[PDB]
Structures are given as structure tokens and as C-alpha cells.
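Encoded as C-alpha cells, the structure appears first; notes follow it.
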Amino acid sequence: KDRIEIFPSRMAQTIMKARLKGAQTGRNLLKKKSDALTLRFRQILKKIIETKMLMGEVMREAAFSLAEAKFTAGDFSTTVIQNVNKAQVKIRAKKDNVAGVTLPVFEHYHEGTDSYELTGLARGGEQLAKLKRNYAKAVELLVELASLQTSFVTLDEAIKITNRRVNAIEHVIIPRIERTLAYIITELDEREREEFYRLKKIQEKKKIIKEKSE
Amino acid sequence: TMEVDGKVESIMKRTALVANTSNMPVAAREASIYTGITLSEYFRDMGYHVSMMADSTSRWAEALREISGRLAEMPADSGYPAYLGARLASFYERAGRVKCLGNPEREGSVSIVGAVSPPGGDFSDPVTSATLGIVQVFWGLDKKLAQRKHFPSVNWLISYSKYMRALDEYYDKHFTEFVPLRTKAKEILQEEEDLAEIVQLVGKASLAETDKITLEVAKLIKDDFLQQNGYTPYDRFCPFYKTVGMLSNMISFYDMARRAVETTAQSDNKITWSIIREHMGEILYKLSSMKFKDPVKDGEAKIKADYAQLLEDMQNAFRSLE
Amino acid sequence: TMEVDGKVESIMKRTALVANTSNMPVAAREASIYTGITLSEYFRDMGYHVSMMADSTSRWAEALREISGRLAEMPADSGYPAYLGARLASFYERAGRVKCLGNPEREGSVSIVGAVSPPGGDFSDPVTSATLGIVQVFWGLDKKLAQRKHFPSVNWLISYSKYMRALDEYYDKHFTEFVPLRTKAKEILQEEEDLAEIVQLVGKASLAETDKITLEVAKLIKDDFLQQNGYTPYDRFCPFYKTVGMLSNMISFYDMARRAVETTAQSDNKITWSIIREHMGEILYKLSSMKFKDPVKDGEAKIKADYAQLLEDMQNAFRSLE
Amino acid sequence: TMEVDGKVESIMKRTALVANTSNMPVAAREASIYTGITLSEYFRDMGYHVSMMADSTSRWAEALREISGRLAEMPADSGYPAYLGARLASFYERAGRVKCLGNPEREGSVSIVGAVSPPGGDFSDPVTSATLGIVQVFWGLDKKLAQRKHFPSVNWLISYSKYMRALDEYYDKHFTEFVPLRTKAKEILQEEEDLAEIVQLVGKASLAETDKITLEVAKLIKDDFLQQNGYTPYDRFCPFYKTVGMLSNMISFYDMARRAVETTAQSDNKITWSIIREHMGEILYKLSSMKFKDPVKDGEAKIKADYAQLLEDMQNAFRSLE
Amino acid sequence: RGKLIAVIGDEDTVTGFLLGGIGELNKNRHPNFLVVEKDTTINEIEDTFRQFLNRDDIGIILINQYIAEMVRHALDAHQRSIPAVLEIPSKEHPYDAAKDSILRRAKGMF
Amino acid sequence: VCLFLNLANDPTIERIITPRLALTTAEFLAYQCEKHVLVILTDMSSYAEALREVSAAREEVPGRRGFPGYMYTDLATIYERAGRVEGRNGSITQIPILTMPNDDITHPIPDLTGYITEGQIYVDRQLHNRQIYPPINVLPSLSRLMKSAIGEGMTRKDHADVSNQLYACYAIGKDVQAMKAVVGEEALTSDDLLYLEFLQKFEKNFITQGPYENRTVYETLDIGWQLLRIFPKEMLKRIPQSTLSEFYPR
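Structure (C-alpha cells):
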């Protein structure tokens, strides 16, 4: 609705000016928070593009190392896929922070159970070891990229919410207070005008009393 | 015309007018109001239940203001004389139901429906304030609803009646369900009002699934139970059987939808307002077009039967949904 | 009663009351202030350090307003007679420290403390404004604190005292350390005021250690120094040695916490408020409990020694954290 | 000073100043507007084309408010008298181009360019609002553009002129091609007003080539057409033939760039702003330098021929790109 | 307690990440990797992606670019953040920056 | 110094005539004795209250906010007895001092005083509470004729430039200080840390003076330079290079 529904008065005018400036301070701070989130989000998008580009090359090299391993080691794929046991790699989620907003990111970490030790023992040897190394490199790059993606999504949510807050303020709350202030000023002018009329009337009646007495 | 003893008669035989247009002498407005209320008191004393409409008492208050300005008196708020409050109270206080004078025992009434025309549309207006300090029912109207053509433009939040507790003694023995239906309707409109501030600032993503039902049922009630195009053969008049029927169907829909949500919120068969909307696009349109049933072109029995059939249709749709 | 020379003596042996209840005539309501101030000036001339409490200069301005209206004078802002400023000046400016007349050299004084009560706490009310133009001290009221039931409810952001310039000499002679404590207390309160505006608009996550310590020492000051239960035996009156000891301990805590975090910032062995609070939770408890020391039974020596021991414990705890 | 018939003359040979300060009699401040307009009407009657500049009709209006207050008239909207709007209306209405009285046939005129001083840019106060309702042109000088070093500081978004329809008659006779250029220039600038928000949303690299051309030509107009350093010899005074020539060439470039992009959107050899700039840097520099063409030394014919030669070069460059 | 990594890709891809050290069998003996053979249908590849999406300890998910294009509608349904979804190259089909499920959020990717 | 005192409890008519006595003496000392006078009128709000009292005594009806309608002409009569006059080597400068009621810059006294006068110097409550003196808030403060009082031969070559640059860096520092609490300190760039340091040292070394410390304009300018050297030259974008090269080093 149009007006805040405070009753006209000088006290009300003071309170409304305080509240208008409070809402404008909120607008400014939230707009700066949105700008921080937007700069970070844009940076994160650009690095997503760049790291996808790097991922292309890195995966291509890893696939060639796999080819090279097959060259020496043969069809070990089934060996690996069967001796699954438990994972040597386990990822830890971490609470990053930008602006007031918490960004989930990932930390690469090892549980140490290399179920595929000795697998290349017969022939695979160094080529299979280098394959382990290549896909460890891939794991690191993709963990960094996954931290990137999670930050990107959460920043998207944060940006949407903060823009909705800033628009809400500057399109509803501030205009509401401005309308209430205009109404308060008008009604105080009305009080003053009524007082002026009453005093003018009293003065005229005193003049008429002078004429009645003289 | 109206049917008396099966014979139709015009209502100009039971209406009397006291016309003092805006441009006619100003002082005559006061005499117009008092002539009207005295005629109503006469017909009351005969033992009739008269109703006096005062087409605008703000124009009367302006008559008093102008006369007082001519008399050179000291004004109260915004120029009206100090005695505007006393005038309005004494005029409204001639209204109540009475055990009339005289020997043949009788009973009469003079209801007073006094429209206030506040300057600028703001109820700080001294006429409006002094009036609301006296009148027991306040059908405040809202210019924004009026612009949206939500006629009647009654503001269902701030408007009030202090007679509701007096009438239940009669509601519970003529329309026994109406009191609970009314309480639930008011709760629904209050809940939608409370949500409106949140949704305006935040958007509908935050809504609970029962709150979506509250919002959509409130929109149904506002658009299709409250508003009533007064210049159409179907809704120029709306008997209370039709009114209570419409409200009963809408509140029954609300109860069934909330039950459907609260029973499947904990499940994988989760019912949502969107699912109900898609599944019952027809039932909702029937609830929307109930207002078009014509009290006279379609008999009371026909309209009550159709509303009962819509209730059955809904009670089947919800079972088939769940 | 009061202690004087080791004997409890009534306070009416050294007090006088000028009762003027609200229903007693308006003229007397006006002359009450003058009679009181003249008695106070009489004892001033005798040579005493008199102190006068005027329960409502607002209800005095009502007598002035009403009398002006009855006399048919022209009013001014809000209806008060235009000479309200001059009248309030003539009342207040009889204050001060004076070299009394007459031969035997002497110097009394008349402190004046005039309560104001504007409508609804309005700060533009003409009596409040004219007062602010005259009074050297103003202990304004914070309604937020009043509603929180935080007593005293002094608005330490818009209340003011212009006597600090004078009293700095007395402090540099008696409580030499008090002035920088006062300045830092005001600075801390203002920084916390600033930071709360961000905290409510965004949240506490972004605060640095310095900001956290400012907030978590400002809460200590606002709850355990600037808050006083006037009805308890220990805080019915807080001597100045107790007040300066309390403030010294709190500000020393601020200084040393900020020292730790500033010194260990931009370094791996980082100290934080999150560490300090848990490391010396006892120290914070005793800083909070300082208020409970009771001069009436605890000696000045005991209280000074206890506060110095708390300072010692604080230094030990900080030195260990470092 | 001004040049007339090849000699430098002081404009006080053709200017009269009704100048007064704020401590002068209030009746002097209020009478200033009328004294000025009466002198201007005297010269109009002689058949001269008077131009009368009021320096603050807001201060004249405050003089009016003061005189009204001294007379104790009823205060109208926001304190100004009941007749401020009427007085402003009549005063400005005294303007106009007239066939003067008397026998020797004459035309004169009085152009009232009176300034108005809003409170901090708020155009809602009675003097500014009535002035903008009465007046037909408004030039809206802007401290922000002055800060950006854009002289004149005309805002070209708040500014407006309602005489365009009246002047189409004159342009269709003397400067036939100015009208379309006016329309197109204002439309370019209005387009940029939204392209800026597009840039904020998605960045300059995200705009189609046509709207990139819009942006660069709009900056060209801002920097080298609407910007005019008033202290230089060459373009302190810009004759209308030169202005229409400048805008004609700039809009010719705009249309040619739009054509180049639009006619190759249907091809793989699609043209871009980068192609256009790198291929026609000389043309862009020439357009930017069109300012320097000096009317005092570079006659009308020479400037017209130079602008037409720029048009020839631009035609050839676009054709060779095409 | 820590998160895993899951894979939807070729036999070579699964083997390579397995030698990287991602693989385990959970307490249900479920794997965290699918070898994509032509015999498997698109409904089943979508079901596998959905299973990884539902399972809360999975962590990061990897998909070959083209296979993810086939799984796309479930990817488009996966709007939430916590399990990342890395659309990766393949020896069969290269990766393309265009129209990735995550990148659909953006207008600044030119 | 010729000092006129109208105590709070002296007659309000004596208050009405005090500013006029002050300015009459100022006109004698300036336009007849030819010596530059500085008139410091203190608490023009307390003067306007006396004007109100005299009007009500005359039994005029109140104007806006209770003050007389002619308050503009009256305050103008007081203020506009100032300025230099052709053919007399003296002048009269004024520095009215206003107690703004309710801190409302729209109140008739400050509104009319702004209409008649040529600037404003804000004493600010946040600065005062932070215990800065003189709590002159230089962001809303203005001197519409400063551009005549500075430059070579009046103060020094670099006065206008240093003033503009200090204002710009102070405002950017206030902006950065508002942003800090939202983005956090470690999210700040090195330039923003420079601006925060400049804000601190501008409020602590330049604005803050202490009551009895007298700084010539030259000393104020050198303090300004000592603050502007927080920035490398490329950040002082409002100072021309012809000045930067001359003053910046050392």
C-alpha cells in the first residue's frame, strides 16, 4: 500500500527520514555486496572457461598415456575394474567465503589404500605408473574445477537473492517511505494552515472588540 | 418489482426519496438529512423496519462548515465546527430497533446507511472519524479495488461490524454452518494479507505448499465470491442461500486441498498446488463461475443442487488425485 | 537517611520539597519553579552546594501556554508563548557557582536539573528545544533501551555534556587516568554503533578481529558498565573510584585484545577473538562481575585492590596467550 | 563585447540590468521581474527583439511569499501565496512576438529566459513546477556534466523544447535537411540511454555490431557535437549552417555504418565496428575535428565545401569497404 | 565420511580414474563408475546419473561431453550445487565449451 | 577582537539589536578605517528565537514553522552587510553560526541562511562522538567562493588541486570503509587499502587539530601533501602533472 501508516507529526517526519536513510544505506551496502558477488561470479565463470580449455589438453594427454600403457601392459582394464576394493582418493568439502556468503569448495585428500599396487608388476611398470600419475593430475585439475563449479552455482543463488533484495528495497520500501514523507509534509502544512486561520480569526475578533469598546 | 402474495408490485410503492442535489442551496442539506430521518422514524413508529440511506453525510458536514464560516465561529479540525461530532452522534443515535409508542404493541426499526465522502479518500477526515466513532458497522471502500473494478470495493481487512456477536443467535438456527464458514473465510483472507507483504518482497519461491493453497484460495474468494457486478442479471441480487453456498464450496475446497497437501508432504506422492491446479482446472473454473448462477432465472433448489453437485465433483476429484 | 559523621540522619534535615500537584491552579503551577529556585538561591548565598530537581518544566510550559491563551496573546511554534525561551533562560541561568555577596568570603552553588516530557518523546517539542539551547548537560532518552528495560536508558549517542572542558582539570588532579578512558569508551561505543548497522544489513561473517573485539567489548560496556540496577544495595550509588576502576579495567581489556590481534595479524600464529574468549572466559566473567562490588560493606581499599588484581589476572592471561 | 559591423563593441550598449541583492527592499525584489519585462516591452514596441533573462524566479517567488506573509494572506501550497501560479503565468505570458502598436509597421519580441532554482534538483516545489508548466523550453543545465568537463552542461535528457513544431516551418525554408537530423540525433541519444544498461548487464562485447555503432556514434555526438568549449576562437559561436552541417555529416556516417553492418549480416563478409574504425580512422578523425572549422576565417562557403568533401571521402571509404 | 568421485565414461576412462584412485564399493557394494557400452540404453545412463545425484556421499561426477549431451535432461534438472558435474572430453568426441549444463546459467561466455 | 555578548537571560530585544551593533562596528572598521573585518555571529538560531519573540509581541501571526514571514529579509539585512566595496581597501567577512534544530537542514533558519550565504561548514555529530576536533565534516561542507581565495599570489600554486584531490580521496576512502565491512578486509585490493589508510590519516592528522594549534594555510597544504603521498602519483588523477611534478617529491 502507498503509505507506511504512521500518523502525521514532526516526530513521524523525523522517524520517516531516519528510516528512508536506513533503507538507502541498506540499498548501498547490498548493492556493494551484489557487486562483490558479481565480480567473483564473473571471475569464476572466466576461470571455468579457461579450466575447461586446460581440461581438454590434460585429458587428451591422459588418454595418450593410457594408450601408451596398453601398448606395454595390454588389457589390464578388467584387472583394474575388478580389483576395486576401496578408494585411495577421498574429497573433503570446505567452507570458503566471499562477501557475507559461504562458498562450498573441495579439498583433494587421500585415504591411501592403493588397491592397484603391483598391477603392472609383470610388464606394465613405468608406463602404468605414469598412467597413475596422469590421472592423479586429472583428479587434481577436476577437483579444482569442481570447487569452481560449486562456487559458481552458490554465487549464482547469492546474486539472485541479493538483487531481489536490492530491487525490493528500491522499488517498494524506499518509494513507500517517500510517499509517506510527502503525505506527512502535506498534513503538517495543513495543521499549520489551520492554526494560522484560527489565529487570524482571533486577531480579527480582537480588532472588532476594540471597535466595540471605543 | 417484488412479489407480494404472489403478485408483483413495484418498489417505488415502498420507497420515498428526499432529494437535495449538490448544487441546490447548501443550507438545505441539513434539513434534508433531518427530514429523511424523521420520515423513517414515522414509518418505524407504525411498526415498519425502515432503512434510511444518507447518500453523503460529508456533504452535510460541508454544509455545517460553510454555515459556520459565515457565522464566523472558531473551527475544529479542517474547518468543521466544534459541534459536528454532536450533530453526527445525535443523528445516528435515532436508529435502533424500537418497541414503538402507543397501545397496539408494535416493533420497528430505522437502519441508517450513511455514506461518508472523505476529501482525498483519507479516513483521517474529521467527518469519517466522528462517524466511525458512532456507527457500529464500517464498510470502508478502497479506491484501488475500485480501479481494478473489484466492485463492491469493500476493503475486507479494515472494514468491520460490531453486530456479528448479536446475529449468531440467529445464524446458528437459520444457517448453522455459516458462522464457522465465515470465521475460516476471514482467517484465509488475513493469512493471504500476511503473506502478501512477504511475497511482494521475496517472490513465490519461498512459499510453503499450504501457503500456496492459502494464496490461491484467497484469490478465488476475492475474485469470485467477494466481488459482485451489481449491474448484471445474475448478481444484482444474491440471496443468502446462494452466498452461504458459494462460501461453503470455496472453504470446502480449501479444506480438501490443505488436507491433500498435509497428507502427502511427508511422502513421495507429494501433492502440490501445481498438481492440484493441473488436475482440477475444471473444478476451479466451476468454483469461479458459481457467481453466474441466477437466483431467479434458476431456482433456489436448482442453485443449491448445482453447488452440491460441484461439492460432489470436488470430493471425487480429490479422492482420484489421492 | 544518610551517613554523616558516622550517624544516620534523615534527608529531610537537609531537603525541602515544593509540591505542586497537577490539579492545583495553573498560576501556582507556574510559580512553583520560581519558589523552588529562590529557596535554592537562599541556601546558595548561605554558602552551600545546593542541588535543585524540577520535576517537569514541560508541565511548567503547560501553565505558560494556558495562561498566554487566557490572556489572548499570540502563540508561536506548537502554541507556546513566544517568550518561552526567555522564561526558561531566566529559570536555568540562575544556576552556577557563585561568590556570594556579603563580607565573610564564601562560594556556594545551585545545580539545576529540570526534567522534560515532550509529547511522545518528540525532540522538536519547543520546551525541549529551548531547553537544549540553555542547558549545558542533556541526558536524552533512548526509547529502544527503555523498551529493552536497560536502565539507565540514557541515549549515549545524542546525550551531551559541555562541562568536560572544565572538569578535565579536576580529573588531571584527582583521577589523572580518567580522561583517555572516557575518550576511548566513547570511541568504542560509536564504532559499535557503526558496526551494528552493517551487522544487521549483511551479517557478522565479514568482521575482522578488531571489529569483533570492538563489538564484544562494546557489549561488555553496555551491559556491565553503562547498566546499573538502582534498587540493589551495591549499585544504588557508584562512587567515582569504582566507576573509574571499572572503566579502566574494561578499556585495558580492549587495549590488550587489540594489541594481541594487531601484533599477530598478517602472520601464521594468528590470534583471534575466537581464541581469546575461550582462553580467558574467567577474565570476561570477572569484568562483567565488577559491577557487583559493594562500597557499603567492601572498603574503597578492597575494591581498588580487587580491580587491580583483575588487571593483574588480565595481564597474566594475555601474556600466556602470547 | 560583441562584434558589430567589424568593430568590437561593449554589449552594455545594448543591455540594461535590473540588478539587486537580497537585502534590498522586498518590494524591490518582487517588482524586479515586472520592471524588467516592462523595459523589454518598451524595446519590443520599438521593434527590437528583446531577450530578458531573470536570474532567479525562485528568489522573486520568495520575495512574493515574504510580501504575502507581511500582508498576512492565507498561505497556499507549501507556504507560497494563493496566486503564485497566476502571477507566473501572466508574467511569462507577457512574452511573445508581436506586431507592435502604432503606425510604422514593426515586429518586436521579448524572449523570457528566466531561471528557476529547485531545492537540490527537486522539481516539485510550486515555483519550479509552475514554471515548468508555463514555460515552453527548458535547458536543464547539469552540474554533473560540468564535473565530467562537458561544456555546455545541458543534460539533453531532462531538457526539452516544445517549439519544434512551430520551427519546422522555418527549417523547411532555410535548412531543409535539419529536421530529420534532429529526430535521428535525439533518437540515437535515447537509444544509448538503454544501451548503457545493456552494457552494465552483459558488457560492451555483448552488443550486436549495429548497436556498437550506435554507441560509438553517440559518443562522437557527445564529444564533438554537443560539447563546445566556449573559450576557443573557432567555436565559441557556432552558426546554424555549421551546426546542421556537422550533424548532417555525423548522421550520414551513422546511416552508412548501419547500412554496412545490415547489408552484410546476410553474408560471411559481415562488417564490424572494428573493421569500420580501422578502415576509416581518417574519416573519424576528420568528423571529430569538424569542430575546428572557424566561421570567422573559414567562411560559410568554405565550411560547407569542407563538410561536403568530408562527405565525399566518407562515401568513397564506405564504398571501398563495400 | 569424505566424498567420493563418480564417473560416466568409456572403459578407458573408468580404468584411468580407477588407477587415479577414485573407486570403491560402498556398503551396498554399489560402484561409483559406469563403463558406457553401446548395449546400455539412454534411459539407463540417465538412471545412473540420477543414482549418483541421489547418493549423498558421491561428491564430484564426471561425464564424457557427448554422453552428457545424451543425459542432458537429467543434467538440466540438476540445478543444485553440492555434487559438481564436470562434462569432460573423450577420445571418441572432443569437449566443447558450448552449452554446458552449468554454463546455461551464463550470458558472458560469448 | 571586539566582543559583544547577549547572555541567554538578557533581554531578547538586546538580542535583536546585538547583530546590528556588531555589523555597524564592522562597517565602521571596514569601510571607514579600511581594515579587513571578520564578523563571527554566534547562534543565529538564538537570534531567530528573539525575532520570533518580538514578532509575537507585535502580535503578528506566525509564518512557517512558527517564524515570521519576513525572516528572510531580516536575516538578509544582517548577512548582506558584508563584502568588499569599490574604492575602500577594507571589507567585512561573516561567519554565521547556526544551531540547526533537530539536525533538520530544511528548517527555516538553515534554509534561509543557505539562500543568503555562500557556503556551509558542517560540524558533525559522528565525528564529534568519535572525539575528532574540529569535527568539520568536509564532504557536505562547501565554500562557493573558495575559487577566489586560492591560487598563486593568494595562498599558493597548488591549493585548489590539493583541495580537490583530498576531497576525492576522502570520499573514495569513505566509500571503501563502507564496503570493507561487507566484503571483508582480505577481499580488499591494495589500492583500497591505500584509500583506507588515507581516510584514517586524513581524519587523524588533517581534520584533527586540537583547539590551540594554529596552522597557516601553507602548513595545511603541506599536511595535505603528506597525506596525498600515500598514493603513487598515478592515483592523484585530479592534480595536473605540472603540479604533481613540482610538489609531490620529498
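Protein chains in written order, with our numbering: chain A, 515 to 728; chain B, 2 to 323; chain C, 2 to 323; chain D, 2 to 323; chain E, -16 to 93; chain F, 7 to 256.
Positions of the beta carbon are idealized from the N, C-alpha and C atoms, including for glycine.
Starting from residue i, trace the beta strand (DSSP E) both ways and give me its first and last residue.
i                 : result
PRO618 of chain A : 615 to 624
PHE590 of chain A : Looking at the DSSP string, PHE590 of chain A is not in any beta strand (DSSP E), and its letter there is neither H nor E.
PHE16 of chain E  : 16 to 18
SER110 of chain D : 108 to 113
Is the shortest distance between the beta-carbon of residue i and the beta-carbons of chain E less than 8 Å?
i                 : result
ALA197 of chain D : no
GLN602 of chain A : yes
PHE585 of chain A : no
Starting from residue i and walking both ways along the alpha helix (DSSP H), at which residues does that stretch end?
i                 : result
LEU659 of chain A : 639 to 682
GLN34 of chain E  : 25 to 37
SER275 of chain D : 274 to 280
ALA62 of chain D  : 58 to 72
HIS175 of chain C : 165 to 175
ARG95 of chain D  : Per DSSP, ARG95 of chain D belongs to no alpha helix (DSSP H) and is neither H nor E.
Counting contacts by CB-CB distance shorter than 8 Å, is residue i in contact with chain A?
i                 : result
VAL67 of chain F  : yes
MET75 of chain B  : yes
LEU40 of chain B  : no
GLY121 of chain C : yes
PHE0 of chain E   : yes
Within 8 Å (strictly less), CB to CB, does residue i reach chain F?
i                 : result
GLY134 of chain C : yes
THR528 of chain A : yes
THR22 of chain D  : yes
What's the gap between the Cα of residue i and the Cα of residue j?
i                 : j                 : result
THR83 of chain F  : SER130 of chain D : 29 Å
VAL99 of chain B  : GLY246 of chain B : 33 Å
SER149 of chain F : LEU172 of chain F : 15 Å
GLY125 of chain F : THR119 of chain F : 9 Å
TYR84 of chain D  : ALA32 of chain D  : 15 Å
Does any CB atom of chain C fall closer than 8 Å to the CB of residue i?
i                    : result
residue 6 of chain F : Because residue 6 of chain F is not part of the residues shown, which for chain F are 7 to 256, the question remains open.
Taking 8 Å as the CB-CB limit, is residue i close to chain D?
i                 : result
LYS715 of chain A : no
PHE620 of chain A : no
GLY159 of chain F : no
At a threshold of 7 Å, does residue i count as lining the ligand SAM (C-beta to nearest heavy atom)?
i                : result
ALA32 of chain B : This structure simply doesn't include the ligand SAM, nor any ligand for that matter.
Give a yes or no on whether 8 Å exceeds the smallest Cβ distance from residue i to chain B.
i                 : result
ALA682 of chain A : yes
Using Cβ-Cβ distances below 8 Å, what residues of the segment 79 to 93 of chain E are close to chain D? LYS90, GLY91 and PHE93
Mind checking the segment 176 to 196 of chain F against chain A and listing, in chain order, the residues whose C-beta falls within less than 9 Å of any C-beta there? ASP181, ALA184, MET185, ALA187, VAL188, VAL189, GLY190 and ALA193
Check distances from the C-beta atoms of the segment 42 to 57 of chain E to those of chain A and list, in chain order, the residues that come in under 7 Å. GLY42, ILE43 and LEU45
Alpha helix (DSSP H) runs wholly inside the segment 197 to 260 of chain D, at least 4 long, in chain order: 210 to 225
Against chain C, which members of the segment 44 to 72 of chain F pass a CB distance test of less than 9 Å? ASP49, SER51, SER52, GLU55, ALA56, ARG58, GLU59, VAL60, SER61, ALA62, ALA63, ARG64, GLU65, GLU66, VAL67, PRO68, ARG71 and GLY72
Interface residues of the segment 102 to 132 of chain F facing chain A [CB-CB below 7 Å]: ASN108
Please name the residues in the segment 198 to 216 of chain B whose beta-carbon is closer than 8 Å to at least one beta-carbon of chain A, in chain order. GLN201, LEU202, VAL203 and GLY204
Just by C-beta distance, which residues in the segment 131 to 149 of chain F are closer than 8 Å to chain C? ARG131, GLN132, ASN135, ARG136 and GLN137
Chain-ordered residues of the segment 73 to 99 of chain F with a beta carbon less than 7 Å from chain D: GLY75, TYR76, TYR78, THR79, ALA82, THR83 and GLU86
Interface residues of the segment 637 to 653 of chain A facing chain E [CB-CB below 8 Å]: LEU642, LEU645, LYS646, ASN648, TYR649, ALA650, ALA652 and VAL653
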